[PDB]
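**Student:** Those sequence lines, one after another, are chains J and A. Residue numbers for the first sequence follow the deposited numbering, beginning at 25 and rising by one. Residue numbers for the second sequence follow the deposited numbering, beginning at 157 and rising by one.
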Amino acid sequence: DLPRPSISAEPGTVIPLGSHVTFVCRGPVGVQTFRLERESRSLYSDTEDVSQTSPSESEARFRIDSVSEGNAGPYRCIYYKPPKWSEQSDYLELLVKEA
Amino acid sequence: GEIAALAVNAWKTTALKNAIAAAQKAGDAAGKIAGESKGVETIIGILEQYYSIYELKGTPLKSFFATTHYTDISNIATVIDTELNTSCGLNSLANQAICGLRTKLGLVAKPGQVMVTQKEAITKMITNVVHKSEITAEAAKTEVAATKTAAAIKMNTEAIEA
Numbered sequence: 025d026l027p028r029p030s031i032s033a034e035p036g037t038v039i040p041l042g043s044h045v046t047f048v049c050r051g052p053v054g055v056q057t058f059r060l061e062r063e064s065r066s067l068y069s070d071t072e073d074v075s076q077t078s079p080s081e082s083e084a085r086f087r088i089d090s091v092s093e094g095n096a097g098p099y100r101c102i103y104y105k106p107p108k109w110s111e112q113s114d115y116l117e118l119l120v121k122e123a
Numbered sequence: 157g158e159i160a161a162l163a164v165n166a167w168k169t170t171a172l173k174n175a176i177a178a179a180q181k182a183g184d185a186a187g188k189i190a191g192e193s194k195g196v197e198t199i200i201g202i203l204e205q206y207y208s209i210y211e212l213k214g215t216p217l218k219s220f221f222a223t224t225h226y227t228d229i230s231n232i233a234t235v236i237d238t239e240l241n242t243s244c245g246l247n248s249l250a251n252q253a254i255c256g257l258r259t260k261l262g263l264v265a266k267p268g269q270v271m272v273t274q275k276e277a278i279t280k281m282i283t284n285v286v287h288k289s290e291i292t293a294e295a296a297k298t299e300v301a302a303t304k305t306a307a308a309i310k311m312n313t314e315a316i317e318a
């Protein structure tokens, strides 16, 4: 019933140490909460700060201001549209460059 | 001197009436102290043993409960709620000791189930932990206040017979 969310990164998945990255979760309109999960599934961030790109879509952003190698790893989206959590996005592997 | 004796005997009666008052106020003081320290020691013991937590608000439990009362369910839960959101998120690598609570409390998102709100889950936990702590604190205050009152009213009574 609920379409899988999709995940993308801005500017990309390979980030100079100390600089920033933003993940985008995209999902259907009427999403309540977007959750960006890491591989350890106690680490995750929620947001209700939803925006729309198209009438039948909604989305939210997660900015990491200063990346370290402990940020490196898998990242996934899942969203909540009452009464149901969707299923999980594909993973996006974030990597940290030295320079 | 019959009236001499009745004077000391009315003096001993006032002493004994005062002693009773003394022995209850001394008992209650000691019960308060024993209580607001079994509480602290019970809540710390519970966080450390059942939940593997040894700090809050980025201080050790010892120091934390010196500045926020172990009964303050609202601010304990708010502290946990906040520390969970700003140390188990995306935007730091700081201190991930506490994050296990989300697994324990059942917050991890399960595709196919309803949403468990973080803060409600924490306040259910903290209410349970604080109720437990207040009850053991009350037992400590009950024992210690009784043991001190008994000893005081005894000691004073025998003093009032010399």
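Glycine is no exception: its CB is placed at the ideal position from the N, C-alpha and C atoms.
(1) Can you tell me whether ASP73/J is buried or exposed, with buried defined as 16 or more other CB within 10 angstroms of its CB?
(2) Measure from the alpha carbon of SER32/J to the alpha carbon of each residue in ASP114/J, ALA123/J, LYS121/J, then state which is nearest.
(3) Counting only beta-carbon atoms, is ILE102/J nearer than 8 Å to chain A?
(4) Within 8 Å of any Cβ in chain A, is that where the Cβ of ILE39/J sits?
(5) Using only the alpha-carbon positions, how far apart do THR224/A and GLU204/A sit?
(6) From the DSSP output, read off the bridge partner residues of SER82/J.
(7) Of all Cβ atoms in chain C, is any one closer than 8 Å to the Cβ of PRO27/J?
(8) Taking the C-alpha atoms as reference points, what is the distance between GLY245/A and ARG28/J?
(9) With a cut-off of 8 Å, do at least 3 Cβ pairs link the stretch 164-180 of chain A to the stretch 79-87 of chain J?
(10) Among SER66/J, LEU26/J, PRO98/J, which one has its Cα closest to the Cα of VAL53/J?
(11) With DSSP run on the structure shown, which of helix, strand or coil describes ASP70/J?
(12) Taking C-beta pairs closer than 7 Å, name the residues in chain A that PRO107/J reaches, listed in chain order.
**Tutor:** So, to answer that:
(1) Under this definition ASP73/J is an exposed residue.
(2) Among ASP114/J, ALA123/J, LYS121/J, the Cα nearest to that of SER32/J belongs to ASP114/J.
(3) yes
(4) no
(5) 18 Å
(6) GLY51/J
(7) This model lacks chain C altogether; the protein chains it does include are J and A.
(8) Approximately 22 Å, taken between the alpha carbons.
(9) no
(10) Nearest of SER66/J, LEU26/J, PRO98/J to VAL53/J, Cα basis: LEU26/J.
(11) strand
(12) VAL270
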